[PDB]
Amino acid sequence: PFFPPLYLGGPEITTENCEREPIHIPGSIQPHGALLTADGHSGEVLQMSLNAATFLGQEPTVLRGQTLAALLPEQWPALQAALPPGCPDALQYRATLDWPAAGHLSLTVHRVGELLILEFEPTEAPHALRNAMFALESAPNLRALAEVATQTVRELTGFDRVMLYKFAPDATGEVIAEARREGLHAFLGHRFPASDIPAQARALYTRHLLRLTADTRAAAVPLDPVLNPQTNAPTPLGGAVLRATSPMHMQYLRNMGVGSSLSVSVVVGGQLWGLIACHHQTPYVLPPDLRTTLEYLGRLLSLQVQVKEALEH
Amino acid sequence: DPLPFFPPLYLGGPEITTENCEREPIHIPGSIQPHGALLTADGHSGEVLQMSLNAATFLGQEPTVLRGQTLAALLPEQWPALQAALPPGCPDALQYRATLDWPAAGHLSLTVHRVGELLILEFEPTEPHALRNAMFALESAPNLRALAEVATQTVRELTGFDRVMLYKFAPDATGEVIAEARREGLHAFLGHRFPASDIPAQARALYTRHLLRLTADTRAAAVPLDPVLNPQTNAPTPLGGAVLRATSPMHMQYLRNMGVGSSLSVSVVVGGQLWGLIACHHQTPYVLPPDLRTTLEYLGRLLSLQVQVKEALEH
Ligand SMILES: *C/C=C1/C(=C/c2[nH]c(/C=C3[NH+]=C(/C=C4\NC(=O)C(C=C)=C4C)C(C)=C\3CCC(=O)O)c(CCC(=O)O)c2C)NC(=O)[C@H]1C
Ligand SMILES: *C/C=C1/C(=C/c2[nH]c(/C=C3[NH+]=C(/C=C4\NC(=O)C(C=C)=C4C)C(C)=C\3CCC(=O)O)c(CCC(=O)O)c2C)NC(=O)[C@H]1C
């Protein structure tokens, strides 16, 4: 099982007890967006990230009273239809909001039990995705598929390094393709222990297929209140991309000289086959619409890996 | 009985009947649908060889002027990209797409693929989070029926088509409509089954490699290529990978008898086999722009993946 989180008097995490860190409930988010939780029926805002005034423009404790019906009149009915009670936590709905102060905001919502989790990020206001799709499909074998996938993603994103990281049957990792900027260490061909991506992370990544750390030196922003009023318990944040990254993994990234990290799960036959794993040397917030392109490529690659491995075997 | 293709009509081949359906060489009709234009060019020199007879209307140029230039002169910014995207020996399924600002005809969508030493260039006029929301909705559908229903409803909302069907093949190649979204007043095809010969063997083979085809207007006359044969080979120009390809007259007749003015389908391919089609009808003629068709192409791949995932749970 998991330990209690740090904010509920749980022990500090070390290399001895990696597997037991409750990474899904850090009680905090990354500072490049804002997060609100809300009741499923009433639409009453229960928790907010302390930075919410920056993004939303409203005052701190005035939001706590209001309902989503009031705040988001046009979207609140769509949210009720899109995310009905009993739907999975993996199901997400997105909209673009013309907010007065902050301009265009991306809104991403999902449901966990009776709670709606709302994420707000800045956002902007072509054929590279279609061209990529056809390129992946005409790759003659798994090796070429891997090369095309890493190169495509680097071209779409500008990331300093993009790797395809394949899990062996014992969860040992191997870098089987790599696209990188000139003047970086090559990780191509190297292998890494299973504990670098511990079992609870692997399980989470089988269900929610994208996660990132935008800035490996940025401080997390707590939720207020930290605990969910409904349950007096931790708010599950595993399906929230804004979730704070495990401090252990943030230290690991800094030791590698990485300023920004992102990965996308490749899932084949219900199992985590591998990751499209990205690094940038400097901090880097990839905008939500470009992340959606990588999410699409995750599904396409999942399909193409099966197709290609049927030819291998 | 599987039998090889007849020569096309323009090489003295016989007229097609219900007795010889399967032998129609549907891939080499020598003609296109009138809502776009098509050019062929030599893959190394870029010399323009064939053009649809309507090419002047779309490109705003004299045919003799078009044919007297290379693609290097005609498309100075695209030509190097084409060469890089479509290297010699690449499969004919591989497509490169770009948007052009053409003075006489506004924004054109350019779609290119390579067959041997020939480049085939298709030109069509072109012009928020629905796809992402659809992706997650499809993945959360609890079983195969719910997946089929969400998929048909989603395609109908995106396109406005009068009818959208999920058409599933049985092992004997008969087909059945297993879900549909339809306009009010249309009679249901749900549960109906159809013979294998309605989608003959050469079409099914073609539809396993090239995953989208359409007939924008079921009464429109086809536009010949000029010249009709490829000058490189003095043989027919393969058009199986061109969406502008003229549709079999036999299928056009079938659609007119049903009261269908526009038709479109997307292949659902599972384990290298044609599992089914997303099949769409409109009562009036209807041109879906290339960027909206790309959304349906993505959905085709997602559905292929999800059908495999849902059927694995059904065991
Ligand atoms: C005591 C536990 C340890 C630990 C924990 C840990 N690791 C992750 C997540 C990731 N680790 C990754 C590992 C690599 N990245 C690379 O670039 C390479 C090789 C060149 C490796 C082996 C990756 C890719 C992830 C996923 C996240 C990402 O893409 O950045 C977590 C979970 C983090 C989270 O989601 O909150 C945890 C708890 N890592 C260790 O090395 C030991 C000390
Ligand atoms: C003598 C040959 C015949 C024949 C040939 C034929 N049919 C197609 C293509 C299609 N037929 C389809 C059939 C149906 N559409 C429906 O809506 C229903 C039922 C409600 C059925 C059974 C479909 C979906 C296609 C695919 C194209 C499309 O989506 O419109 C071809 C190939 C056409 C081409 O690609 O050029 C051919 C040669 N059909 C017959 O019925 C017999 C007379």
# chains A, B, ... in the order shown; residues from 1 in each chain; ligands from 1
$ residues_near_ligand --ligand "ligand 2" --cutoff "6 Å" --atoms "only C-alpha atoms and all ligand atoms" --output "count of residues only"
20
$ select_by_dssp --residues "stretch 48-82 of chain B" --states "alpha helix (DSSP H)" --output "number ranges by chain"
B: 55-59, 63-67, 71-74, 78-82
$ write_last_selection --atoms "C-alpha atoms" --output "PDB file, in the first residue's frame"
ATOM      1  CA  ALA B  55      -7.315  21.823 -64.527  1.00  0.00           C
ATOM      2  CA  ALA B  56      -7.432  25.362 -66.055  1.00  0.00           C
ATOM      3  CA  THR B  57     -10.603  26.216 -64.102  1.00  0.00           C
ATOM      4  CA  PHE B  58      -8.870  25.346 -60.807  1.00  0.00           C
ATOM      5  CA  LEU B  59      -5.305  26.464 -61.459  1.00  0.00           C
ATOM      6  CA  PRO B  63      -3.011  23.628 -70.309  1.00  0.00           C
ATOM      7  CA  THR B  64      -0.098  24.154 -72.756  1.00  0.00           C
ATOM      8  CA  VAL B  65       1.522  26.518 -70.222  1.00  0.00           C
ATOM      9  CA  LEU B  66       1.002  24.056 -67.334  1.00  0.00           C
ATOM     10  CA  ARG B  67       2.409  21.152 -69.358  1.00  0.00           C
ATOM     11  CA  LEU B  71       6.901  21.359 -60.717  1.00  0.00           C
ATOM     12  CA  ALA B  72      10.119  23.162 -59.636  1.00  0.00           C
ATOM     13  CA  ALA B  73       8.786  26.259 -61.459  1.00  0.00           C
ATOM     14  CA  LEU B  74       5.086  25.701 -60.652  1.00  0.00           C
ATOM     15  CA  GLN B  78       6.556  22.736 -52.164  1.00  0.00           C
ATOM     16  CA  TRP B  79       8.781  20.887 -54.680  1.00  0.00           C
ATOM     17  CA  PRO B  80      11.711  20.292 -52.244  1.00  0.00           C
ATOM     18  CA  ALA B  81       9.291  19.277 -49.449  1.00  0.00           C
ATOM     19  CA  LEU B  82       7.607  16.775 -51.858  1.00  0.00           C
TER      20      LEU B  82
END
$ interface_residues --of "chain B" --to "chain A" --cutoff "6 Å" --atoms "only C-alpha atoms" --output "list in words"
residues 94, 96, 133, 136 and 305 of chain B
$ closest_residue --among "B:13, B:89, B:224, B:271" --to "residue B:246" --atoms "only C-alpha atoms"
B:224
$ closest_atom_pairs --of "chain A" --to "ligand 1" --cutoff "6 Å" --atoms "only C-alpha atoms and all ligand atoms" --output "CSV"
residue,atom,partner,partner_atom_place_in_ligand_line,distance
A:14,CA,ligand 1,1 (C),5.7
A:15,CA,ligand 1,1 (C),4.1
A:18,CA,ligand 1,1 (C),3.6
A:23,CA,ligand 1,36 (O),5.4
A:187,CA,ligand 1,20 (C),5.9
A:192,CA,ligand 1,22 (C),5.2
A:195,CA,ligand 1,42 (C),5.7
A:196,CA,ligand 1,41 (O),3.7
A:197,CA,ligand 1,7 (N),4.3
A:198,CA,ligand 1,5 (C),5.8
A:201,CA,ligand 1,32 (C),5.2
A:212,CA,ligand 1,30 (O),5.7
A:245,CA,ligand 1,36 (O),3.7
A:246,CA,ligand 1,36 (O),4.2
A:248,CA,ligand 1,5 (C),5.5
A:249,CA,ligand 1,6 (C),4.6
A:252,CA,ligand 1,41 (O),5.9
A:261,CA,ligand 1,30 (O),4.6
A:262,CA,ligand 1,29 (O),4.5
A:263,CA,ligand 1,29 (O),4.0
A:277,CA,ligand 1,29 (O),5.5
$ closest_residue --among "B:42, B:131, B:34, B:8" --to "residue B:232" --atoms "only C-alpha atoms"
B:42
$ closest_residue --among "B:257, B:83, B:159, B:33" --to "residue B:95" --atoms "only C-alpha atoms"
B:83
